[PDB]
Each structure stands twice: as C-alpha cells, then as structure tokens.
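K.L.:
only the shape, not the letters, is given here:
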C-alpha cells in the first residue's frame, strides 16, 4: 500500500502524497 510497511503514528493510506485512493475512491 503506502502506510503499509511504514510507521503509522500520523501516517495513513491517505495522509500520503499520492495516497492509496480508497481514502477517496
């Protein structure tokens, strides 16, 4: 994914720059 295999304190598949687009569609 993107937060997949990374820290998660703030990080989500969404806060990423070009994120896993499930946090939209």
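P.N.:
Everything's here; your move. Numbers count the residues shown, from 1 in each chain.

K.L.:
which residues in this protein form strands?
P.N.:
With DSSP state E as the criterion, the chain has no strands.

K.L.:
what residues are up against residue 20?
P.N.:
1, 2, 3, 13, 14 (C-beta atoms under 8 Å, 6 or more residues apart in numbering). For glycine as for every other residue, the C-beta is placed from the backbone atoms N, C-alpha and C.

K.L.:
7 Å instead, please
P.N.:
By C-beta atoms under 7 Å, 6 or more residues apart in numbering, the residues touching residue 20 are 1, 2, 13.

K.L.:
quick one: contacts for the closest residue to it other than its chain neighbours?
P.N.:
The shortest distance from residue 20 to any non-neighbouring residue, by C-beta to C-beta, 6 or more residues apart in numbering, is to residue 13 (3.8 Å). Contacts for residue 13 (C-beta under 7 Å, 6+ apart) come out as 1, 2, 3, 19, 20, 22, 23.

K.L.:
what is the nearest of those residues to residue 9?
P.N.:
Set against residue 9, the nearest of those by C-beta to C-beta is residue 3 (10.1 Å).

K.L.:
quick check: the closest one touching residue 9?
P.N.:
No - the pair residue 3 / residue 9 is not scored as a contact, 10.1 Å apart, by C-beta atoms under 7 Å.
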